[PDB]
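Input: a single structure, listed below in structure tokens.
Below, read A as the first sequence line, B as the second, and so on, with proteins coming before strands; counting in each chain starts at 1. All heavy atoms count here, side chains included; hydrogens, waters and symmetry mates do not.
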Protein chains: 2
Amino acid sequence: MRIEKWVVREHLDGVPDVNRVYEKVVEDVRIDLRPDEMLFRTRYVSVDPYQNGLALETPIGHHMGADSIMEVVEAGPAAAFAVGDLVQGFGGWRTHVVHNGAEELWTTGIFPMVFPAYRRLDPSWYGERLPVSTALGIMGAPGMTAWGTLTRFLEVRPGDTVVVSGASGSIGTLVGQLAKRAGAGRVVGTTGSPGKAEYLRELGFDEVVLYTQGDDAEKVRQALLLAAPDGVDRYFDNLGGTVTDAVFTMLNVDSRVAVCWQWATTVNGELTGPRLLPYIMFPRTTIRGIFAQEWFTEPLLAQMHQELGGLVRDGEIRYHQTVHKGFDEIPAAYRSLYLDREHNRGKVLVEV
Amino acid sequence: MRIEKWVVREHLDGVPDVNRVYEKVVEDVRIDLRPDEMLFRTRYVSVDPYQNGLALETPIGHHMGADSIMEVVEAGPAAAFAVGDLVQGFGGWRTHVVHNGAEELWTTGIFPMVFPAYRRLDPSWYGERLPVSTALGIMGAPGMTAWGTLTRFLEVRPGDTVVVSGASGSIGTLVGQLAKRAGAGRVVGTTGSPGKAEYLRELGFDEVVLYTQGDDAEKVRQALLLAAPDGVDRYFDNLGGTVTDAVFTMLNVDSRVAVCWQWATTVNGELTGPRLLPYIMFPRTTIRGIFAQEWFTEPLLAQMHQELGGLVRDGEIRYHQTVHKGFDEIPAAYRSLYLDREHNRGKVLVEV
């Protein structure tokens, strides 16, 4: 049984040379399934900006974690899933996985984490216009981060001014389109690079505010004032930082703010990224922290595949995904994420 | 008229020489109120450990911010309050204040803040057994932090195991007492010193775990396991950090966690304190950030004064507070927080 994986060869903080951080290891392994274990064959793996920080918290010689789509090829007598099933879970950069599917408490990073339980993909969900690979994108955690927030919390009302930070990411772009469909009077997106500025409005959006992280809070506030003259009613925060401090100076009464959970990393030794608790003192605001897998329930996953999946199939919504081909292409796919900030998750996959 | 105020003289981190950080300034003014302004006479001020961090963010020469109780002695024709009214607000360490009582956006600190609008005190709320000075303690924001959480969020039930971090402070000891009244099967508190452990068991704590920050992440977990053998149903978090990380490994299904907002504080130029967003990814749990002023509505303030105030008069709930006498005593009172017996001094106030 030939099993291959990409493991952390060295701890290096944000370097372009992927082949210095990662090393492929190959070995024959005898599988002796415990009674509730399954043998999985990886079909797709996600490649995301956060894996730079995750590598730093991964023991040398261990494989890199990743969201993946896996096929059950052998199941013990007490296993959760059947042979032939397609399963989405945190399988990692591995050709094959032995696992029982349960949640995993991981306590050696910055904060403790529970990796979600593996979940069965419904065979009837996917077709030619909505393939299985979308389970790591618009039909998986990235899609649900955007879609679940709009349908379960944000309460976009007609005429509302909606601000989306990280609007050039797949998740933020989706939030912006769904907000306009809800009839938002104005949808404002922030971005770092004016290249997409014309491109965001092309996507949707009424206005785009140019913003890199190292910008003055006063300087971004003035840009937001100009793009949102009537104040901000709704904020979807996939970025954190200076832009969020400015939005909170211009919220209207009874505003609603979604702040997205992101993997914990430290650039310059301190934590950047989204924050929630400092802001809940603000009067007459409702703030919710967002984590897609909270809504990975049977009915909501069915409703998302139905309504949002139906929007994709009818060509009303498109979610750009880049799928490289072959297990050996993982370092290349990862290297292509150089220049992508942490909010850009869910774009690049590898088909094994 | 002479108005005196304690101003920030210099910026010094750590336990400061109060005579170096603060200086008394005197000014002979004549008052000229705009139509919505009032002249207030300060009756009581609070002194609090957060004023160290706030002083570092206060421009040199500006007065030290503080929650206070103030009396309207002059009012413009369009003012919110009438002469003789008693009002609670962030008036600061000043003998007298000219203010219209409005909210204040303050953006010079680590995160933006909105100081609440001044609020009027119903003098009927208070009396011999419940003095008006408790509007800065058990009848005010500190008390509402504990009481509001228990009545509106935490859902403590007969048999529940409740953990309270930072249990020795006023809010912690009030939560423990109220949790025991709600019928909690096991109330567990953590504290920084073995001496206060005995008074806690007097108030209603069934066990006390000793914990100083910078303790062993696993030793704290082991100690919580022994003190809460049945899992943690409810968590009232005053501290953040290693105790909260240990607690999140032993929550029972459908647990509920309250994380208290606190003034944003720097440790060695880094980060410490309660955190909320990293933990929302944990499944089968409800986490809410707590900020008492959220519940400063007409119905809930009356309810608390009737119900919680009733328990104070009947001796069912035990609080304490040290009230210093004299505007000139304010720096010394603040210094007292860093000396000893605070775990026995409770809320510190200065009558002015």
### Spacing of CG belonging to B/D245 relative to OG1 belonging to A/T107, to within rounding of 0.5 Å
9.0 Å
### Query
Hey, mind stepping through B/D254 and B/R284 against salt bridge (charged side-chain N to carboxylate O under 4.0 Å, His left out) and telling me if it holds?
CA-CA 5 Å; B/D254 296 324; B/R284 302 179 301 278; over 6 Å; no
### A/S168 side chain vs A/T191 backbone, donor-acceptor pair below 3.5 Å
no
### Summary
Note: A/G169 and A/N344 closest approach over all heavy atoms is CA-ND2, 3.8 Å
### Query
Relative to the ring of B/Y50, is the ring of B/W263 parallel (under 30°), tilted (30 to 60°) or perpendicular (over 60°)?
parallel
### Message
Tell me whether A/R186 is salt-bridged to A/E207, with the criterion being a basic N under 4.0 Å from an acidic carboxylate O.
### Response
yes
### Query
Does A/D215 reach the main-chain N or O of A/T212 with its side chain, forming a donor-acceptor pair under 3.5 Å?
yes
### Query
Any idea which heavy atoms bring B/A179 and B/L150 closest together, and the distance?
N-CD2, 3.5 Å
### Query
Taking 4.0 angstrom as the limit, do A/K180 and A/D206 come out as a salt bridge?
yes
### Task
Taking the side chain as every heavy atom from C-beta outward, state whether A/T244 and A/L239 have any pair of such atoms under 4.5 Å apart.
no
### Query
Taking it one step at a time, do A/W295 and A/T149 satisfy side-chain contact (heavy atoms from CB on, under 4.5 Å)?
CA-CA 9 Å; A/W295 296 307; A/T149 298; 3.7 Å; yes
### Query
Would you find a donor on one side and an acceptor on the other, under 3.5 Å apart, between the side chain of A/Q88 and the backbone of A/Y118?
no
### Task
Would you name the heavy atoms of B/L277 and A/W261 that are closest together and state the gap between them?
O-CD1, 3.4 Å
### Message
Quick one: does any side-chain atom of A/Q51 pair with a main-chain N or O of A/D48 as donor and acceptor, under 3.5 Å?
### Response
yes
### Query
Rounded to the nearest 0.5 Å, what separation is found between the CG atom of A/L203 and the CD1 atom of A/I317?
10.0 Å
### Query
Which atoms form the tightest heavy-atom contact between B/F236 and B/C260, and what is the distance?
CZ-SG, 3.4 Å
### Query
Charged N to carboxylate O below 4.0 Å: is that the case for A/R345 and A/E342?
no
### Message
One thing to verify: whether A/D237 and A/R275 come together as a salt bridge, which I'm taking to mean a side-chain N less than 4.0 angstrom from a carboxylate O.
### Response
no
#### Entry: More than 12 heavy atoms from other groups under 6.0 Å of CZ on A/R313
yes
### Task
Examine distances only and state if a side-chain atom of A/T134 and a backbone atom of A/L130 form a donor-acceptor pair shorter than 3.5 Å.
no
### Task
Could you tell me whether A/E202 and A/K196 make a salt bridge, using a distance below 4.0 angstrom between a side-chain N and a carboxylate O?
no
### Task
Enter the distance from A/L174:CG to A/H320:NE2 here, rounded to the nearest 0.5 Å.
11.5 Å
### Task
Give a yes or no on whether a salt bridge exists between A/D160 and A/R234, defined as a side-chain N under 4.0 angstrom from a carboxylate O.
yes
### Query
Under the side-chain contact (heavy atoms from CB on, under 4.5 Å) criterion, do A/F282 and B/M113 qualify, and how do the steps go?
CA-CA 7 Å; A/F282 271 78; B/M113 295 187 64; 5.8 Å; no
### Message
Applying side-chain contact (heavy atoms from CB on, under 4.5 Å) to B/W147 and B/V175, what does each step give before you reach the verdict?
### Response
CA-CA 7 Å; B/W147 184 84; B/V175 167; over 6 Å; no
### Query
Is NZ or CZ of B/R256 both nearer than 6.0 Å to the six-membered ring centre of B/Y235 and within 45° of the ring axis?
no
### Task
Go through the steps for A/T190 and A/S165 under the test side chain to side chain donor-acceptor pair (under 3.5 Å), then give the verdict.
CA-CA 5 Å; A/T190 70; A/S165 55; 5.0 Å; no
### Query
When rounded to the nearest 0.5 angstrom, what distance separates CG in A/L300 from CD in A/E294?
10.0 Å
### Residue pair A/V156 / A/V162, side-chain heavy-atom distance below 4.5 Å
yes
### Taking every non-hydrogen atom, the tightest pair across B/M304 and B/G143
SD-C, 4.2 Å
### Task
Determine yes or no for a side-chain-to-main-chain donor-acceptor pair under 3.5 angstrom, with A/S46 supplying the side chain and A/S68 the backbone.
no
### Query
Looking at side-chain heavy atoms only, is the closest gap between B/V259 and B/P274 below 4.5 Å?
yes
### Message
If you count every heavy atom of other residues, nucleotides or ligands that lies below 6.0 Å from A/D230 atom CG, does the total exceed 12?
### Response
no
### Message
Has B/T145 got a side-chain atom pairing as donor or acceptor with B/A141's backbone, closer than 3.5 angstrom?
### Response
yes
### Task
Determine, step by step, whether B/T108 and B/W106 satisfy the side chain to side chain donor-acceptor pair (under 3.5 Å) criterion, reporting the C-alpha distance in whole Å, the side-chain angles of both residues, the deciding distance to 0.1 Å, and the verdict.
CA-CA 6 Å; B/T108 88; B/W106 172 71; 3.1 Å; yes
### Task
Rounded to the nearest 0.5 Å, what's the gap from OH on A/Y319 to OG on A/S170? Could you check?
4.0 Å
### Query
Does a side-chain N-to-carboxylate-O contact under 4.0 Å join A/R119 and A/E298?
no
### Task
Please round to the nearest 0.5 Å and tell me the distance separating atom NE2 of B/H99 and atom CZ of B/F90.
10.5 Å
### Query
Do other residues, nucleotides or ligands put more than 12 heavy atoms under 6.0 Å from the CZ atom of A/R318?
no
### Message
Pair A/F153, A/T286 - check side-chain contact (heavy atoms from CB on, under 4.5 Å), show working.
### Response
CA-CA 10 Å; A/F153 167 74; A/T286 305; 4.0 Å; yes
